[PDB]
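Trainee: Got a structure for you, written out below as structure tokens; questions coming shortly.
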Protein chains: 2
Amino acid sequence: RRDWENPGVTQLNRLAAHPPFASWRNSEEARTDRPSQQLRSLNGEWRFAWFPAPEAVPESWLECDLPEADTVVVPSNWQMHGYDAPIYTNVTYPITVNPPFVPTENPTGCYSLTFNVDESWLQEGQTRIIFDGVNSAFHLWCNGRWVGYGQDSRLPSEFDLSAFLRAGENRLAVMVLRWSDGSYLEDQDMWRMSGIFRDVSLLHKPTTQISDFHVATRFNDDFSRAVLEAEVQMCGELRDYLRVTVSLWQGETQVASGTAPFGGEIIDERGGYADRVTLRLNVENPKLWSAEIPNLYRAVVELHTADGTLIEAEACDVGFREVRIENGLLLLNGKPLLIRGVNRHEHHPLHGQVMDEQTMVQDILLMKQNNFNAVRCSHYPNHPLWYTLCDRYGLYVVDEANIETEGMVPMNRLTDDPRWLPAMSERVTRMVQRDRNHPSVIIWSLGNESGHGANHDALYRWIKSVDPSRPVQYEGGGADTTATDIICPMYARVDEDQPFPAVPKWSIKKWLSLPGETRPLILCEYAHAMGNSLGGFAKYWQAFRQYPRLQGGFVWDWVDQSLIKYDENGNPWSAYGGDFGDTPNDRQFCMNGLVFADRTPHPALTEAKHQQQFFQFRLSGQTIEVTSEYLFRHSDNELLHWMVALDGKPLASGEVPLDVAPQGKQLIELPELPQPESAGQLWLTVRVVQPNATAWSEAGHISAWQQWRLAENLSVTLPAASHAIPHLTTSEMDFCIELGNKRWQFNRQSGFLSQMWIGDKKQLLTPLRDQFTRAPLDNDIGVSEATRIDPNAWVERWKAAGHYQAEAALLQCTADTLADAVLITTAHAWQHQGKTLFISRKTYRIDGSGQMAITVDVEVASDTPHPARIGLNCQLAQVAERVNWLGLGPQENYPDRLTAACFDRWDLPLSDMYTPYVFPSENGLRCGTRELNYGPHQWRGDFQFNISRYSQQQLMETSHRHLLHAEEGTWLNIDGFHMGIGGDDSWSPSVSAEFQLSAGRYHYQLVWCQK
Amino acid sequence: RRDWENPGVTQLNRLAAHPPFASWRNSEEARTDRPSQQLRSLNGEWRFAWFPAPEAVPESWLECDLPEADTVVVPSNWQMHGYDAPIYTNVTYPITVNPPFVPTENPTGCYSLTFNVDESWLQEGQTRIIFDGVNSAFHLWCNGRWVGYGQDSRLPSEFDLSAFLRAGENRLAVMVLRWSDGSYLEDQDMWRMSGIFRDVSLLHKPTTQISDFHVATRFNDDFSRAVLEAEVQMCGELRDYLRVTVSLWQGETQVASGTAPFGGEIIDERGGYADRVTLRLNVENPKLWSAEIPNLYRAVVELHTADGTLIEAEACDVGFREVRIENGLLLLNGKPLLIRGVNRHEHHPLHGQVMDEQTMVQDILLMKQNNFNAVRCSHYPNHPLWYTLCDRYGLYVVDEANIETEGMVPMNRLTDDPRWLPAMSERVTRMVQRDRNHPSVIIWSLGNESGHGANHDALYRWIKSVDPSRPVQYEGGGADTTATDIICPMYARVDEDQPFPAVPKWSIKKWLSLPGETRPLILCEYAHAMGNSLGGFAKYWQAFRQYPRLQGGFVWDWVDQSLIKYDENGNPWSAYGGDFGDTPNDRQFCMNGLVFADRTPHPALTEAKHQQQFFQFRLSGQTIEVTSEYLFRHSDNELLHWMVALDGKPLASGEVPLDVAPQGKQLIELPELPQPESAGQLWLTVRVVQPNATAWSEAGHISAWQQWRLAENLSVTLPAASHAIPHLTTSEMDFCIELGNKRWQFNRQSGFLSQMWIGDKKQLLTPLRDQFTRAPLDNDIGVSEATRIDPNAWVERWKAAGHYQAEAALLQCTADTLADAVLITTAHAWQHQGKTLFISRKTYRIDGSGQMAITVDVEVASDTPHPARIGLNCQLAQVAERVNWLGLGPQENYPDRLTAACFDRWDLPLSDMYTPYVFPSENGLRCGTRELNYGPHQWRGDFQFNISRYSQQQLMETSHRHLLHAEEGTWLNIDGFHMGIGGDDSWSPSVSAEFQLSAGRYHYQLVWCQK
Ligand SMILES: [Mg+2]
Ligand SMILES: [Mg+2]
Ligand SMILES: [Mg+2]
Ligand SMILES: [Mg+2]
Ligand code: NA
Ligand code: NA
Ligand code: NA
Ligand code: NA
Ligand code: NA
Ligand code: NA
Ligand code: NA
Ligand code: NA
């Protein structure tokens, strides 16, 4: 038969899809959502055996346990047990593209389970087994008898076992095929794994039972009244005495209830559905559901007899909310949304694709804490609990069909093919059928990167037709096809067009206004967060706020898909593509998240938090204007704290409770701000604090902040008559400067400050030298590969230009004595294959105070690519415990990614100054720094810096953070200017022009001194 | 695996659908559409054995012939060979409704063929088998090896036998299931048969080949320039040297040609289709296709190498025409269509569902000859040649998916069920893929009577997406759902609404203007031509012509679905529902056509012919205004013949050439018309004659006619005075009147004219009495049945009122004497259970001239159902050869069905005065009769009459025409008034009110005399 190589066969004997069931035989348990005795989990310990192909499976296995099998926990991915390697491939299918066939060599997992079944279950009713997720296809046998077959790794597959079970001990046999015709529709950019990775359970239902139920909530013009309409379908024998009661609960209070016998209205010439009924309940002043306030009711549906005897009850949470597109805007409860979203794959660094509640809750909490209000299920239906959580914690969800065929050529090879219409349609219809009652689901998605074919148009219409309550979106074929209600591109930039043929990515601002275009625009994917990224994130938010039809996006993406590996010592490390022997592979491309696989944040997450704030502020005078971006709630859990500080020193602060209506404003007058005695810049900072803990945050959570510079007083104060004069000692090879117990030495042939002593202690491990490059970020690299260079990537342009191989040539090195000081002058040219790339001119002034003033004037040839940076660097001899600076922080920040950072006095352990991206690179920079303190040293000026135990050299040479090792001393990189990091996408140059070091001539100055 | 009881499996190993291929290896042949050596017929003699269930078939059969098998012709329907009975059921499924299962006793036809295959076929390329039509499902084996499976009885199932054949003799084995899950989608109203009922063929294709091609023709604003676009797809090895050449020919002249290598434009991010290519050819001044003038070009598609070697050629007929709906109208080449359509099932009285080219041609010619320009493929895709003929002869076609699930409850039960989307999808997509290059197809239909389900919306969209060139219609769920571009009701009436719940049938005039409605309206079915029907046909035509958005309709239907049976003496007779022992069944409902199963016309065909005329005329004075309803051609094969006749006495005629541009007028002045010889009504008749023969008509064909009354000179002439005086003889029992050779005998107890003599010859077999009833037509009976009376049917109403059992009561009978005559006066009451239904009052005046003048005044109780007729009747003793009359004719005509008839003197064999409707009823009436002659008799007046060898009693007691027996003498029915026959539908009263005998009081006068 070979069912797994035939798209016309997606399953056999599989029962129809439906909303979550539990078959309660008690209404109150249904109501309270408590555990049902009729729903049993079969998770736990199973028997497993791996085969290289299904043909290698012994027939004996059907009847009894193979001795060689092992005992593993289910759910699980077999790759996570070490049976075979998971594979990380992004676009390229992991198998030869020759649809619908698969390799003969097809890893087959043989699972089995011995278990008991009570006769009461068998004596009456129906017993079905449910597989929440099986990757990628499987055959099912029960007690040596074949039951059925199923495809679609992301939706449950259920089979009736009533006639196969016996009272007592029973044996289940499951054969899971790693590859199948289903794989052709599962080309998502993630680890390719396999097995029974989601829940397995048994459900007992009565013969006469509820087989499906739909809940709808329609509203009046101002949402002050609603009608809850509940359509109920049954299976089993119909009887006049049967009844259906649907009741609606607001907590313990019974809001409404209606009852009726089966038998719907006349549908057509042949009549109506005798086996369905629709109950309609009026609700006055419903408490509306939103991500701001996730008000929910409980709908209980009871199938019972006229005498009042319950047969069974099913139920669901209900959120009263209306989703609609009108006049080009996506409205929720009549208000236009602003999606602060994120795409989130189901990934566990240890369990692979197996999802648990803990994990899910932790994700949600972090999301909420970080001002995210929506998530897109990239790119398949999620584990069922996920929707229950979003419902309850409150997140807007885009539910997406498990359809991705990006590896086809062209992209819509399958989707435009009618022979693939059925398989595809099952991926769409079964999703809708299972998830349609969830209020957190506000938009349906037809899948991802599958081109645009006629199958998508058909499915788009099917959906609109069965569930008019939610818009339908799809990005394939150019982001604005006839199969999408929303213009939902991936990586379209804010102002910059990327006119690819056939599927150009217009600037989002321009897209909205193309001739005849009227739909809302919400990026299904944007701001690719791979490595040190999210450069230019603010640019998106400023546009979203400015343009009404620009309604947000889903950042790509939530968490890094790194897996855990263990070294010889049994120490764990983060592995990516290729690390399991998987090949071909896509290396680090599986790590694009805002958090690390273990949920620790990347620094970009804080930039996201800030841009996504729900309160905007404006300062005028002593007047702060706060404006609420909430659409439904009042700021009833917020207070504004403010503080004024002069150069980090706090002068005043206070607090005012916030009282702002959704969309409203509040003016706050600050109190008389006494002057201040000392030159310096006064800075005002405000933060919004939630005095109370919520279901997703603790008392004291800071939900937003802002800063402004206030008065500044320039120091006009002339220093003081230096106690002594520095002495210059000139030799053939060095200019030596002595002052107190301090010495500086300048090598006359190199032209660099080669050594500095404090007492008889050398302070440097390497001379202080100009530096123009950085260990390349993911964004600098893009797709470039040693074996296949992308000459357009930044990294490649810099290498070729000789930037990383350039050699300093001394053009001049003089020393002069001034009245109270010693002055050294240097000039150096950096050349490559006869071309002058850069010229650096410096002055060093050492005065009687022992401060060393460095002035740097740099020239950059116009025709060379813009450099990654323009600074100096050195390896200090010293290693100190803390880093203290007065600048932007506390976390890592870059030119195009520094809005969330605040100007203050920060102090941290040196380790917090290094960001452990899995794929090492330039990291840990802090910009806008006026003062830096490390050990006895102090540097002052206006610069950006990074300090760590790793040289740029080591970083650029190391592929996994676990292989890095602390060098001797501390590497200090101090930049007059640094290039932005970009992140619009990570496969093409994405650093905005205003962030490129293209001025041609650069000036910076710094004072090094001892503290 | 029981594939036939799973809608999830509709085929196994079947090849993709595609336009007709022939794989010519010679271009000139492809060009002239000559036979191809690569396309061979397997039709002819096969081996066949019948089994009661698939489980009864022996395995031996796979390997060798069953000795018991018979040798039969293929294609055929096995029921047609007497192996089992064909079943005639209309809506109710012939099997228990329990999807997707079917009965265990499932008639199985085991067919086989041993045939030869030449090595040349096998040395290279691909050899596939093609089954054009297998009802309902089948498994296929070749040389004992299983090949695949197929469903959908109306489309070709193709399999690659390449790996299964050997040079020389080969053996196929086909197991055909009568019932399958596919049967659930095949509930059309027609006989339920089975077998390999369409051609079987074998096609050889090279390995590198043309796998599909779509032809599109697009035009400039005025249709003076077109672009022919041909998208070509290949399978097999791509090489740079491959090319596609597409050439377009008009007859023997090459219009254009173009070549390119494969490689289509970039479609998306992954690129384009390397295996496709689109050639675009400019056509200046194309000759446009239409049903008025079916100009065709030939497109030839060559696959070959750049060095010029041909690999293979395919081709098709191309008709340049655009179909579009705009501003509410369906336009063809920019002009609004007026559809003169008919529904046509594939039926042969002998061959059952096997269609041959002779039969098809015959159908087409008759249709064309009767002013039809369009056909609907009710309700499934037709035999391929049908389209080719429609292309070439010129008829607009509606191609419809083989989806009808009427017997479900409610009707959309399967169509709204996503589990059935797949099965449905293949029925729609495979049709389009096969029929999309035929110009004759102007509209696609999603099927028939399957309610309205979400599957419909999806498919509707799919088609819109894949072939934008033609509108999509579908009547289900109410005729105006979102799954149709055209309001296409079935049996909606002209002025009368039928406001059924959920799916009302509004008057079509009212339908167009419902709030918000703007679509065009074309009835998918109207004017149910069952038996003596088509009453009110002209009312649709008047509406069609007056209202622009009323674009016509498809009459139901073309031919009766009667089957031939043989009597004990081998004499053939027309059978219908229940005649094969089939039960349950729908009796005569399978006979609704304009023509008998043998193609002989029923009388209503002429009605349709006249109403559907392409020329409209008006008369003013001596001036005839001819208007053309052609949209495209000038009247270039037309001349007008006119004639003026006085009381059928010709006075003058002439002929004028017609020269009318489409939609234009022509004014023709008739010549001075001399004054006429005497009293009477002059009548003008004009006729459009085509002097030259056409592909579909003979020289001399009359395509249109019309009449007008001209001057009438009333007779003021007082006749010469009887040179005699009738003698009366009063007896207790009788009043006798004598005059020469004649004698009249009037029964004094009955009050009726009981006998008449001429010489010694008695004139009557039964007395002359009033008649108020008719042998009920199909429309009078509707769905009423003995076992399930339908009290609203006119027949029931009459029966229930006692109309058929009413007995005459003599109220009065007197003989009076005048100077010149004898006057007999009578009066009778017809009653039923004390109710006086009708009162008849008359006078008979016999005078010196031998004429018997009869005067009748009838009263009808206001509260009794309106009687079928009001007249007299008698069985004449004579049986004469001819029937001559001055009235409407010559064909049978009724009040609501007489517009096509013409007033003139007619003379037919008495046998032509009987209409052999298979289900016997009142028939043969001729209206507006002023004089009737038969045998020695003459009757004059103004009436309607019928004359035959069958009494009404007999017609009304006989079920099949073949059982009628001529009675002694000749039955005469002379009516003053007669009820219309109706026909809007045949299951509810459909006689319009102006055609009901509701006046309460009626008067009529007849003169009887000797010819
Ligand atoms: Mg399959
Ligand atoms: Mg992808
Ligand atoms: Mg099937
Ligand atoms: Mg029907
Ligand atoms: Na916006
Ligand atoms: Na990725
Ligand atoms: Na507050
Ligand atoms: Na690195
Ligand atoms: Na019209
Ligand atoms: Na019928
Ligand atoms: Na003419
Ligand atoms: Na009859």
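The chain as shown is numbered from 1 upward.
Heads up, the Cβ atoms here are built off N, Cα and C, so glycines get one too.
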Trainee: A:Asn90, A:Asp189, A:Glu525, A:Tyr526, A:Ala527, A:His528, A:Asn592, A:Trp987 bind substrate according to Swiss-Prot; which of A:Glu265, A:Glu449, A:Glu655, A:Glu922 goes with them?
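Mentor: The record-listed residue among the candidates is A:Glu449.
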Trainee: Within the same chain, and leaving aside A:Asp189, A:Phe589, A:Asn592, name every residue whose CB is within 8 angstroms of the centroid of the CB atoms belonging to the recorded Na(+) site, in sequence order.
Mentor: A:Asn90, A:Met190, A:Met530, A:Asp557, A:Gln561, A:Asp586, A:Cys590, A:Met591
Trainee: Listed recorded positions are A:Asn90, A:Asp189, A:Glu525, A:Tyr526, A:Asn592, A:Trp987; which of them have CA atoms within 10 A of the CA of A:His379 (site 'Transition state stabilizer')?
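Mentor: Matched recorded positions: A:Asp189, sequence order.
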Trainee: Can you tell me how many other Cβ atoms are located within 10 Å of the Cβ belonging to A:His528 (substrate binding site)?
Mentor: 24
Trainee: Which of the binding-site residues A:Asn90, A:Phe589, A:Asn592 has its Cα nearest to the Cα of A:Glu525 (active site, nucleophile)?
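Mentor: Looking at Cα distances from A:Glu525 (active site, nucleophile), the smallest one goes to A:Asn592.
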Trainee: Can you tell me which recorded positions out of A:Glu449, A:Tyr526, A:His528, A:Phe589, A:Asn592, A:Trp987 are within 10 A of A:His345 (site 'Transition state stabilizer') by Cα, answering none if there aren't any?
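Mentor: Within 10 Å of A:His345 (site 'Transition state stabilizer'): none of them.
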Trainee: Which ones, of the recorded positions A:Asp189, A:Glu449, A:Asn585, have a Cα no more than 10 Å from the Cα of A:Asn90 (substrate binding site)?
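Mentor: If one measures from the Cα of A:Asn90 (substrate binding site), the recorded positions that come within 10 Å are A:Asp189, A:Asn585.
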Trainee: Say you check the Cα of A:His528 (substrate binding site) against those of the binding-site residues A:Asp189, A:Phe589, A:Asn592; which is nearest?
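Mentor: Given the candidates A:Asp189, A:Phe589, A:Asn592, the nearest one is A:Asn592.
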Trainee: Please report how many Å separate the Cα atom of A:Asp189 (Na(+) binding site) from that of A:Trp987 (substrate binding site), as a whole number.
Mentor: 15
Trainee: If H, G and I count as helix, E and B as strand, and all else as coil, what does DSSP give for A:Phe589 (Na(+) binding site)?
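Mentor: Going by the DSSP assignment, A:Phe589 (Na(+) binding site) falls within a helical segment, counted as helix.
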Trainee: Roughly how many angstrom lie between the C-alpha atoms of A:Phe589 (Na(+) binding site) and A:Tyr526 (substrate binding site)?
Mentor: 15
Trainee: Of the residues named as substrate binders, A:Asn90, A:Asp189, A:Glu449, A:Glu525, A:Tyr526, A:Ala527, A:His528, A:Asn592, A:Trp987, how far apart in Å are the Cα atoms of the most distant pair?
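Mentor: Per the listed residues, the maximum Cα distance equals 18 Å.
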Trainee: How many Å lie between the Cα of A:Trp987 (substrate binding site) and the Cα of A:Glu449 (active site, proton donor)?
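Mentor: The Cα atom of A:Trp987 (substrate binding site) is 16 Å away from the Cα atom of A:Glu449 (active site, proton donor).
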Trainee: Of the recorded positions A:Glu449, A:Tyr526, A:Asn585, which one has its Cα closest to the Cα of A:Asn592 (Na(+) binding site)?
Mentor: A:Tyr526
Trainee: What are the sequence-distant neighbours of A:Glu449 (active site, proton donor), meaning same chain, six or more residues apart, C-beta distance under 8 angstroms?
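Mentor: Residues satisfying the criterion: A:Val91, A:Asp187, A:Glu404, A:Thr405, A:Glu406, A:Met411, A:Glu475, A:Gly476.
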Trainee: Quick one: Cα separation, A:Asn585 (Mg(2+) 2 binding site) versus A:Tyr526 (substrate binding site), in Å?
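Mentor: About 23 Å separates the two Cα atoms.
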